[PDB]
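One file, coords_2.cif, carrying mmCIF, C-alpha atoms and all ligand atoms:
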data_input
#
loop_
_atom_site.label_atom_id
_atom_site.label_comp_id
_atom_site.auth_asym_id
_atom_site.auth_seq_id
_atom_site.Cartn_x
_atom_site.Cartn_y
_atom_site.Cartn_z
CA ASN L 1 17.67 -8.05 25.71
CA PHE L 2 14.95 -5.83 24.24
CA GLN L 3 13.07 -3.28 26.34
CA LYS L 4 9.39 -2.94 25.43
CA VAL L 5 8.83 0.81 25.11
CA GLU L 6 5.25 0.94 23.81
CA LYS L 7 2.81 -1.00 21.64
CA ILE L 8 3.10 0.57 18.18
CA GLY L 9 0.12 -1.60 17.31
CA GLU L 10 -1.24 -4.95 16.17
CA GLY L 11 -0.20 -6.09 12.71
CA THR L 12 -1.46 -8.80 10.36
CA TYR L 13 0.98 -11.43 11.64
CA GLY L 14 1.46 -10.21 15.20
CA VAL L 15 1.97 -7.40 17.69
CA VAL L 16 4.38 -4.51 17.02
CA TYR L 17 6.55 -2.87 19.69
CA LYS L 18 8.84 0.11 19.80
CA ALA L 19 11.84 -1.40 21.57
CA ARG L 20 15.31 -0.47 22.78
CA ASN L 21 18.32 -2.77 22.44
CA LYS L 22 19.40 -3.00 26.08
CA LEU L 23 23.01 -3.08 24.86
CA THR L 24 23.51 -1.03 21.68
CA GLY L 25 20.99 1.62 22.76
CA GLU L 26 19.40 1.22 19.34
CA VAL L 27 15.70 2.06 19.11
CA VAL L 28 13.95 -0.45 16.85
CA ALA L 29 10.53 -1.76 15.86
CA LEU L 30 9.91 -5.35 16.93
CA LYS L 31 7.33 -7.65 15.35
CA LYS L 32 6.47 -10.89 17.11
CA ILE L 33 4.99 -13.47 14.74
CA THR L 34 10.60 -22.16 4.36
CA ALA L 35 9.48 -18.92 6.01
CA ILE L 36 12.83 -18.56 7.80
CA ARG L 37 14.83 -18.85 4.58
CA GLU L 38 12.43 -16.57 2.69
CA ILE L 39 12.29 -13.66 5.17
CA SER L 40 16.05 -13.98 5.71
CA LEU L 41 16.43 -13.15 2.02
CA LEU L 42 14.42 -9.97 2.63
CA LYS L 43 17.24 -8.65 4.84
CA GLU L 44 19.22 -7.98 1.64
CA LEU L 45 16.60 -5.59 0.27
CA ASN L 46 17.93 -2.08 0.77
CA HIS L 47 16.19 1.01 -0.57
CA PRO L 48 15.58 4.51 0.91
CA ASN L 49 11.83 3.94 0.44
CA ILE L 50 11.76 0.52 2.10
CA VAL L 51 11.71 0.05 5.88
CA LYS L 52 14.95 -1.77 6.67
CA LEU L 53 14.66 -5.31 8.03
CA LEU L 54 17.62 -5.20 10.42
CA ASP L 55 17.65 -8.78 11.66
CA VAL L 56 15.58 -11.97 11.87
CA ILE L 57 15.52 -13.59 15.31
CA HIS L 58 14.41 -17.22 15.50
CA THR L 59 14.66 -18.36 19.12
CA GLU L 60 12.71 -20.47 21.62
CA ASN L 61 10.70 -21.76 18.65
CA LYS L 62 9.28 -18.27 18.03
CA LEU L 63 9.91 -15.61 15.40
CA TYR L 64 10.80 -11.93 15.86
CA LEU L 65 11.52 -9.40 13.12
CA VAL L 66 13.65 -6.36 13.99
CA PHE L 67 12.86 -3.29 11.88
CA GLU L 68 14.26 0.20 11.39
CA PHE L 69 12.17 2.51 13.58
CA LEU L 70 10.13 5.42 12.26
CA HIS L 71 7.93 7.60 14.47
CA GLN L 72 4.73 8.07 12.45
CA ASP L 73 2.64 6.36 9.77
CA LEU L 74 0.63 7.87 6.91
CA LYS L 75 -2.64 6.97 8.64
CA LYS L 76 -1.88 9.12 11.69
CA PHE L 77 -0.50 11.87 9.45
CA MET L 78 -3.64 11.93 7.31
CA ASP L 79 -5.78 12.11 10.46
CA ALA L 80 -3.65 14.96 11.79
CA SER L 81 -3.87 16.81 8.46
CA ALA L 82 -7.60 16.12 8.01
CA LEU L 83 -8.58 19.77 8.55
CA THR L 84 -6.33 21.34 5.91
CA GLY L 85 -5.39 18.34 3.78
CA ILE L 86 -1.87 17.35 2.81
CA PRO L 87 -0.47 19.91 0.35
CA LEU L 88 -0.31 18.60 -3.24
CA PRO L 89 3.51 18.91 -3.42
CA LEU L 90 3.84 16.60 -0.40
CA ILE L 91 1.23 14.15 -1.69
CA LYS L 92 3.08 14.12 -5.01
CA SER L 93 6.43 13.57 -3.28
CA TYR L 94 5.09 10.71 -1.16
CA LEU L 95 3.52 9.06 -4.21
CA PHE L 96 6.75 9.45 -6.19
CA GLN L 97 8.80 7.85 -3.40
CA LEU L 98 6.31 5.04 -2.83
CA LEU L 99 6.39 4.19 -6.54
CA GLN L 100 10.19 4.08 -6.31
CA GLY L 101 9.89 1.59 -3.47
CA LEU L 102 7.42 -0.54 -5.40
CA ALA L 103 9.56 -0.40 -8.54
CA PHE L 104 12.61 -1.57 -6.59
CA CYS L 105 10.75 -4.43 -4.91
CA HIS L 106 8.95 -5.43 -8.11
CA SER L 107 12.25 -5.56 -10.00
CA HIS L 108 13.44 -8.09 -7.42
CA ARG L 109 10.23 -10.12 -7.81
CA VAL L 110 8.99 -9.08 -4.35
CA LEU L 111 5.31 -8.20 -3.82
CA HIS L 112 3.64 -6.57 -0.81
CA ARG L 113 0.03 -7.69 -1.41
CA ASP L 114 -1.22 -5.81 1.68
CA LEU L 115 -0.48 -2.09 1.26
CA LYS L 116 -2.30 0.35 3.57
CA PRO L 117 -1.60 3.70 5.32
CA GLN L 118 -0.56 1.89 8.52
CA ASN L 119 2.48 0.28 6.87
CA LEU L 120 3.61 3.48 5.15
CA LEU L 121 6.04 5.26 7.46
CA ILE L 122 7.32 8.83 7.33
CA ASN L 123 10.08 10.84 8.98
CA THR L 124 11.08 14.47 9.53
CA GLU L 125 13.18 14.68 6.36
CA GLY L 126 10.21 14.27 4.04
CA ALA L 127 10.88 10.61 3.35
CA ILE L 128 8.26 7.85 3.21
CA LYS L 129 8.91 4.11 3.48
CA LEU L 130 7.08 0.86 2.73
CA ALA L 131 6.91 -1.71 5.53
CA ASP L 132 6.12 -5.47 5.39
CA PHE L 133 7.28 -6.20 1.83
CA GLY L 134 7.39 -9.91 0.97
CA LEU L 135 5.95 -10.91 4.35
CA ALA L 136 2.70 -12.09 2.76
CA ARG L 137 4.24 -14.69 0.44
CA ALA L 138 6.75 -15.88 3.05
CA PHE L 139 4.26 -16.42 5.89
CA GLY L 140 1.60 -17.63 3.47
CA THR L 141 -9.01 -4.27 6.14
CA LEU L 142 -10.30 -4.77 2.59
CA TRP L 143 -10.24 -1.13 1.48
CA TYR L 144 -7.07 -1.35 -0.61
CA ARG L 145 -7.56 -4.81 -2.08
CA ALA L 146 -7.33 -5.28 -5.85
CA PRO L 147 -10.45 -6.61 -7.64
CA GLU L 148 -8.65 -9.74 -8.92
CA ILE L 149 -7.96 -10.73 -5.32
CA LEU L 150 -11.57 -10.08 -4.30
CA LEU L 151 -12.67 -12.21 -7.25
CA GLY L 152 -10.61 -15.09 -5.86
CA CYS L 153 -7.67 -15.21 -8.25
CA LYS L 154 -5.00 -17.49 -6.79
CA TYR L 155 -2.16 -15.89 -8.74
CA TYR L 156 -1.07 -12.39 -7.77
CA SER L 157 1.04 -9.98 -9.81
CA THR L 158 2.84 -6.72 -9.06
CA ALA L 159 -0.35 -4.96 -10.21
CA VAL L 160 -2.06 -5.59 -6.85
CA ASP L 161 0.33 -3.18 -5.10
CA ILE L 162 -0.31 -0.52 -7.74
CA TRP L 163 -4.06 -0.76 -7.13
CA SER L 164 -3.49 -0.37 -3.39
CA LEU L 165 -1.22 2.63 -3.96
CA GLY L 166 -3.83 4.17 -6.25
CA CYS L 167 -6.45 3.85 -3.51
CA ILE L 168 -4.05 5.45 -1.02
CA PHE L 169 -3.26 8.22 -3.52
CA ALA L 170 -6.96 9.06 -3.79
CA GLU L 171 -7.37 8.94 0.00
CA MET L 172 -4.55 11.46 0.49
CA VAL L 173 -6.23 13.83 -1.98
CA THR L 174 -9.86 13.64 -0.83
CA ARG L 175 -9.09 13.01 2.86
CA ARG L 176 -11.58 10.15 2.65
CA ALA L 177 -11.09 6.46 1.88
CA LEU L 178 -11.89 5.60 -1.74
CA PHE L 179 -13.51 2.19 -1.19
CA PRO L 180 -14.28 1.61 2.52
CA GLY L 181 -16.01 -1.76 2.20
CA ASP L 182 -17.27 -3.64 5.24
CA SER L 183 -17.21 -7.08 3.60
CA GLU L 184 -15.74 -8.74 0.50
CA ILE L 185 -18.92 -8.19 -1.53
CA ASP L 186 -19.45 -4.64 -0.25
CA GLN L 187 -15.84 -3.88 -1.14
CA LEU L 188 -16.40 -5.35 -4.60
CA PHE L 189 -19.68 -3.50 -5.18
CA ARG L 190 -18.24 -0.17 -3.99
CA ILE L 191 -15.59 -0.59 -6.67
CA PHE L 192 -18.19 -1.57 -9.28
CA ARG L 193 -20.44 1.38 -8.42
CA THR L 194 -17.58 3.83 -9.04
CA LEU L 195 -15.60 2.24 -11.88
CA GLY L 196 -18.47 0.38 -13.55
CA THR L 197 -19.20 -3.33 -13.27
CA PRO L 198 -16.36 -5.03 -15.21
CA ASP L 199 -17.01 -7.18 -18.28
CA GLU L 200 -15.09 -9.06 -20.98
CA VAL L 201 -14.63 -5.82 -22.94
CA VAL L 202 -12.62 -3.93 -20.32
CA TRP L 203 -11.22 -7.03 -18.60
CA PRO L 204 -10.89 -10.18 -20.74
CA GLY L 205 -11.24 -13.30 -18.59
CA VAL L 206 -13.14 -11.64 -15.74
CA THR L 207 -16.31 -13.73 -16.18
CA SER L 208 -14.16 -16.85 -15.70
CA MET L 209 -12.65 -15.81 -12.38
CA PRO L 210 -13.47 -18.18 -9.46
CA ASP L 211 -15.76 -15.85 -7.47
CA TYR L 212 -17.32 -13.93 -10.37
CA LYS L 213 -21.10 -14.18 -10.57
CA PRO L 214 -23.12 -13.30 -13.70
CA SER L 215 -25.71 -12.17 -11.14
CA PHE L 216 -23.48 -9.21 -10.27
CA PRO L 217 -25.51 -6.01 -10.69
CA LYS L 218 -24.56 -3.87 -13.71
CA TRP L 219 -23.43 -0.43 -12.58
CA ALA L 220 -22.31 2.12 -15.16
CA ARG L 221 -18.93 3.79 -14.67
CA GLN L 222 -19.04 7.35 -13.31
CA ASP L 223 -16.95 10.39 -14.30
CA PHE L 224 -13.52 10.45 -12.61
CA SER L 225 -13.84 14.18 -11.90
CA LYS L 226 -16.44 13.22 -9.29
CA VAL L 227 -14.10 10.70 -7.65
CA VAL L 228 -10.98 12.70 -6.75
CA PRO L 229 -11.84 16.41 -6.85
CA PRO L 230 -10.09 18.71 -7.11
CA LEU L 231 -7.08 16.77 -8.45
CA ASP L 232 -5.80 18.09 -11.79
CA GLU L 233 -6.03 16.08 -15.03
CA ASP L 234 -2.42 14.85 -14.78
CA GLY L 235 -3.16 13.28 -11.39
CA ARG L 236 -6.58 11.94 -12.39
CA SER L 237 -4.99 10.47 -15.50
CA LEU L 238 -2.33 8.66 -13.46
CA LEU L 239 -4.93 7.41 -10.99
CA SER L 240 -7.16 5.95 -13.71
CA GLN L 241 -4.16 3.98 -15.01
CA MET L 242 -3.42 2.72 -11.49
CA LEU L 243 -7.06 1.65 -11.15
CA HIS L 244 -7.54 -0.33 -14.37
CA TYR L 245 -9.57 -3.50 -13.87
CA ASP L 246 -7.26 -5.64 -16.01
CA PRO L 247 -4.01 -6.14 -14.05
CA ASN L 248 -2.26 -6.46 -17.43
CA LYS L 249 -3.44 -2.96 -18.44
CA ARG L 250 -2.70 -1.52 -15.00
CA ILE L 251 0.32 0.81 -15.07
CA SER L 252 3.60 -0.47 -13.64
CA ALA L 253 5.55 1.38 -10.95
CA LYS L 254 8.36 2.21 -13.37
CA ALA L 255 6.00 3.58 -16.02
CA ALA L 256 4.14 5.57 -13.36
CA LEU L 257 7.40 7.32 -12.42
CA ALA L 258 7.58 8.67 -15.97
CA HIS L 259 4.04 10.10 -15.89
CA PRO L 260 3.80 13.87 -16.61
CA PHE L 261 2.25 14.25 -13.13
CA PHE L 262 5.76 13.97 -11.68
CA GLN L 263 7.32 16.57 -13.99
CA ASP L 264 7.38 19.18 -11.21
CA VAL L 265 7.91 16.82 -8.26
CA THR L 266 9.86 18.14 -5.27
CA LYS L 267 10.67 16.90 -1.77
CA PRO L 268 8.90 19.09 0.83
CA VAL L 269 9.31 18.77 4.61
CA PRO L 270 6.18 17.82 6.59
CA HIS L 271 5.53 19.23 10.06
CA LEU L 272 5.16 16.27 12.40
CA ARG L 273 3.96 16.27 15.98
CA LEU L 274 5.92 13.34 17.39
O1 LIG B 1 2.08 -4.63 10.70
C1 LIG B 1 1.12 -4.11 10.09
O2 LIG B 1 0.19 -4.74 9.53
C2 LIG B 1 1.08 -2.72 9.97
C3 LIG B 1 0.33 -2.07 11.14
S1 LIG B 1 1.63 -1.99 12.34
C4 LIG B 1 2.86 -1.69 11.18
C5 LIG B 1 4.07 -1.17 11.41
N1 LIG B 1 5.20 -1.64 10.88
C6 LIG B 1 6.31 -0.97 11.23
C7 LIG B 1 7.56 -1.23 10.85
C8 LIG B 1 8.63 -0.46 11.27
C9 LIG B 1 8.36 0.61 12.11
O3 LIG B 1 9.37 1.41 12.56
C10 LIG B 1 7.05 0.86 12.49
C11 LIG B 1 6.07 0.07 12.04
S2 LIG B 1 4.42 0.12 12.32
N2 LIG B 1 2.48 -2.13 9.98
#

Using structure tokens, write down the structure that the file contains.
Amino acid sequence: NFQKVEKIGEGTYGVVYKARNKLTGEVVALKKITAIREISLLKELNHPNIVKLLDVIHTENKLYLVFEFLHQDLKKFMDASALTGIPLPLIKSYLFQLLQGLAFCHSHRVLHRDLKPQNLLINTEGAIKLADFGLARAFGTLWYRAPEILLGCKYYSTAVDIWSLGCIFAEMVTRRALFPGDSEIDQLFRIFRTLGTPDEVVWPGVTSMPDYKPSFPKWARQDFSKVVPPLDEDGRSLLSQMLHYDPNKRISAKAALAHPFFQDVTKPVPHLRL
């Protein structure tokens, strides 16, 4: 019933295929993986910045998700733009849209928990969409992981997606990953080395988190101007609020949309080689 066109890739739950409905002619993305009920609820989520979950297929005791198809992800686009960099107006537009998507999902009590360039999809009209929202909770790369997760907190908040987005924001600007850790501790220490080793002053409760060790080295925080040059102060300001250690102090998606950084936001058209 579905015609395997090509392997889009390998996800976190299963393998992804570009597929054609051998009846409707529809071109879709197919992912082969209490969960049934939960992901079925996700079908109701509709937002221009969220990849549409078309249908949930539970058959032969196996689970397929049918998604709206988009041709390119942010990862491939960043690689293709690595020489020149993505223009600031397009970076700003993408960030603005992504925050809209987060704000919508967060208002409906849906988290992503696993944001990364590979699940951010773009099209020819200058739109960008979040894929895999709510899949983490339903079904039960460390670079974009929030520090509270790395410190073994069992209870996640919307703030984890904001951290991830912040990391992706910085990566778009510098054309290099912000915290490319190769293990949980390397990831953690890369964060510490840049933002300063967290303490009770900046993050009340941190020394009581399950995987926190008093034996953590004490790195001083470095100037933000060194981290995302040559982003202007509006952008650096927004980023620092997205990268607060304390998830309670970390800026929400709705508040982020009101940041002065987005005062001159537009919607440019990217040139894609599809
Ligand atoms: O599944 C993942 O972990 C990451 C890597 S593969 C992937 C993709 N998801 C979609 C969803 C819809 C679509 O048209 C393309 C992709 S690629 N997201």

Practice problem: Up to 9 Å from (8.0, 19.9, 2.2) in the file's coordinates: name the residues, counting all atoms listed in the file, as a PyMOL selection string. | Solution: chain L and resi 87+89-90+93+125-126+266-271

Could you give me, as a Markdown table, a per-residue list for chain L showing, wherever an atom lies at most 7 Å from an atom of ligand LIG 1 (chain B), the closest pair of atoms and their distance in Å to one decimal, using all atoms listed in the file and sorting by chain then residue number from low to high?
| residue | atom | partner | partner_atom | distance |
| --- | --- | --- | --- | --- |
| L:8 | CA | B:LIG1 | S2 | 6.0 |
| L:9 | CA | B:LIG1 | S1 | 5.2 |
| L:10 | CA | B:LIG1 | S1 | 5.6 |
| L:11 | CA | B:LIG1 | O1 | 3.4 |
| L:12 | CA | B:LIG1 | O2 | 4.5 |
| L:13 | CA | B:LIG1 | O1 | 7.0 |
| L:16 | CA | B:LIG1 | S1 | 6.0 |
| L:28 | CA | B:LIG1 | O3 | 6.5 |
| L:29 | CA | B:LIG1 | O3 | 4.7 |
| L:51 | CA | B:LIG1 | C8 | 6.2 |
| L:67 | CA | B:LIG1 | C8 | 5.1 |
| L:68 | CA | B:LIG1 | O3 | 5.2 |
| L:69 | CA | B:LIG1 | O3 | 3.2 |
| L:70 | CA | B:LIG1 | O3 | 4.1 |
| L:71 | CA | B:LIG1 | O3 | 6.6 |
| L:73 | CA | B:LIG1 | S2 | 7.0 |
| L:118 | CA | B:LIG1 | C3 | 4.8 |
| L:119 | CA | B:LIG1 | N2 | 3.9 |
| L:121 | CA | B:LIG1 | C10 | 6.8 |
| L:131 | CA | B:LIG1 | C7 | 5.4 |
| L:132 | CA | B:LIG1 | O1 | 6.7 |

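Excluding residue L:228 and any residue on its chain fewer than 6 positions from it, the residues at most 10 Å away by all atoms listed in the file are residues 169, 170, 171, 172, 173, 174, 175, 176, 178, 235, 236 and 239 of chain L.
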
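When all atoms listed in the file are used to measure the gap to residue L:15, the shortest distance among L:209, L:135, L:74, L:30 belongs to L:30.
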
Practice problem: Quick one: pull the distance between atom CA of residue L:84 and atom CA of residue L:50, Å, one decimal. | Solution: 27.8 Å

Quiz item: For residue L:127, which residue out of L:94, L:18, L:181, L:188 is the nearest one, using only C-alpha atoms?
Solution: L:94

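If you look at atom CA of residue L:95 and atom CA of residue L:221, they are 25.3 Å away from each other.
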
Self-check item: Among the residues L:259, L:273, L:116, L:109, the one that comes closest to residue L:158 [using only C-alpha atoms]
Solution: L:109

Self-check item: Which residue of L:23, L:136, L:253, L:146 approaches residue L:187 most closely, using all atoms listed in the file
Solution: L:146

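Between atom CA of residue L:192 and atom CA of residue L:113 the interatomic distance comes to 20.8 Å.
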
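Of the residues listed (L:55, L:211, L:161, L:233), L:55 shows the shortest atom-to-atom separation from residue L:43; distances use only C-alpha atoms.
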
Exercise. Around the point (18.8, -3.1, 22.4) in the file's coordinates, collect all residues with an atom within 12 Å, using all atoms listed in the file, and return them as an MDAnalysis selection string.
Key: chainID L and resid 1:5 18:30 66

Exercise. Would you mind listing what lies within 10 Å of residue L:115 as a PyMOL selection string, with only C-alpha atoms counted and same-chain residues fewer than 2 positions away left out?
Key: chain L and resi 111-113+117-120+130-133+143-145+160-165+167-168

Residues from the last selection, C-alpha atoms, saved as a PDB file, in the coordinates of the input:
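The resulting file, result06.pdb, is reproduced below:
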ATOM      1  CA  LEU L 111       5.310  -8.200  -3.820  1.00  0.00           C
ATOM      2  CA  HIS L 112       3.640  -6.570  -0.810  1.00  0.00           C
ATOM      3  CA  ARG L 113       0.030  -7.690  -1.410  1.00  0.00           C
ATOM      4  CA  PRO L 117      -1.600   3.700   5.320  1.00  0.00           C
ATOM      5  CA  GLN L 118      -0.560   1.890   8.520  1.00  0.00           C
ATOM      6  CA  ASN L 119       2.480   0.280   6.870  1.00  0.00           C
ATOM      7  CA  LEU L 120       3.610   3.480   5.150  1.00  0.00           C
ATOM      8  CA  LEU L 130       7.080   0.860   2.730  1.00  0.00           C
ATOM      9  CA  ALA L 131       6.910  -1.710   5.530  1.00  0.00           C
ATOM     10  CA  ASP L 132       6.120  -5.470   5.390  1.00  0.00           C
ATOM     11  CA  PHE L 133       7.280  -6.200   1.830  1.00  0.00           C
ATOM     12  CA  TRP L 143     -10.240  -1.130   1.480  1.00  0.00           C
ATOM     13  CA  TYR L 144      -7.070  -1.350  -0.610  1.00  0.00           C
ATOM     14  CA  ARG L 145      -7.560  -4.810  -2.080  1.00  0.00           C
ATOM     15  CA  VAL L 160      -2.060  -5.590  -6.850  1.00  0.00           C
ATOM     16  CA  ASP L 161       0.330  -3.180  -5.100  1.00  0.00           C
ATOM     17  CA  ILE L 162      -0.310  -0.520  -7.740  1.00  0.00           C
ATOM     18  CA  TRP L 163      -4.060  -0.760  -7.130  1.00  0.00           C
ATOM     19  CA  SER L 164      -3.490  -0.370  -3.390  1.00  0.00           C
ATOM     20  CA  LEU L 165      -1.220   2.630  -3.960  1.00  0.00           C
ATOM     21  CA  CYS L 167      -6.450   3.850  -3.510  1.00  0.00           C
ATOM     22  CA  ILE L 168      -4.050   5.450  -1.020  1.00  0.00           C
TER      23      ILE L 168
END

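Distances here use all atoms listed in the file; by that measure, the residue among L:223, L:182, L:38, L:199 closest to residue L:138 is L:38.
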
Self-check item: Shell around residue L:33 at 9 Å using all atoms listed in the file, local window under 3 positions removed, as a PyMOL selection string
Solution: chain L and resi 13-15+62-65

Generate the missing atoms of stretch 101-116 of chain L up to N, CA and C atoms and report them as a short mmCIF file (atom, residue, chain, number, x, y, z; two decimals), in the coordinates of the input.
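And here's rebuild_11.cif as it stands now:
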data_model
loop_
_atom_site.label_atom_id
_atom_site.label_comp_id
_atom_site.auth_asym_id
_atom_site.auth_seq_id
_atom_site.Cartn_x
_atom_site.Cartn_y
_atom_site.Cartn_z
N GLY L 101 9.79 2.76 -4.33
CA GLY L 101 9.89 1.59 -3.47
C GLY L 101 9.26 0.37 -4.10
N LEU L 102 8.10 0.56 -4.71
CA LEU L 102 7.42 -0.54 -5.40
C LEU L 102 8.24 -1.03 -6.58
N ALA L 103 8.76 -0.08 -7.36
CA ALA L 103 9.56 -0.40 -8.54
C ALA L 103 10.81 -1.20 -8.18
N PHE L 104 11.44 -0.84 -7.07
CA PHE L 104 12.61 -1.57 -6.59
C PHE L 104 12.23 -3.00 -6.21
N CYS L 105 11.20 -3.12 -5.37
CA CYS L 105 10.75 -4.43 -4.91
C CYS L 105 10.24 -5.30 -6.06
N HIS L 106 9.52 -4.69 -6.99
CA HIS L 106 8.95 -5.43 -8.11
C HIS L 106 10.03 -5.91 -9.08
N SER L 107 11.14 -5.17 -9.15
CA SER L 107 12.25 -5.56 -10.00
C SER L 107 12.96 -6.78 -9.42
N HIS L 108 12.83 -6.96 -8.11
CA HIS L 108 13.44 -8.09 -7.42
C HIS L 108 12.42 -9.21 -7.20
N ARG L 109 11.29 -9.12 -7.90
CA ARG L 109 10.23 -10.12 -7.81
C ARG L 109 9.64 -10.23 -6.40
N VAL L 110 9.60 -9.11 -5.68
CA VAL L 110 8.99 -9.08 -4.35
C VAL L 110 7.69 -8.27 -4.38
N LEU L 111 6.61 -8.88 -3.90
CA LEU L 111 5.31 -8.20 -3.82
C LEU L 111 5.00 -7.85 -2.37
N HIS L 112 4.10 -6.89 -2.16
CA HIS L 112 3.64 -6.57 -0.81
C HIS L 112 2.30 -7.25 -0.53
N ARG L 113 1.36 -7.06 -1.45
CA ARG L 113 0.03 -7.69 -1.41
C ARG L 113 -0.92 -7.12 -0.34
N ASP L 114 -0.40 -6.32 0.59
CA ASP L 114 -1.22 -5.81 1.68
C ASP L 114 -0.89 -4.36 2.05
N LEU L 115 -0.77 -3.50 1.04
CA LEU L 115 -0.48 -2.09 1.26
C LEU L 115 -1.65 -1.35 1.93
N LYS L 116 -1.32 -0.50 2.89
CA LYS L 116 -2.30 0.35 3.57
C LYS L 116 -1.56 1.45 4.32
#
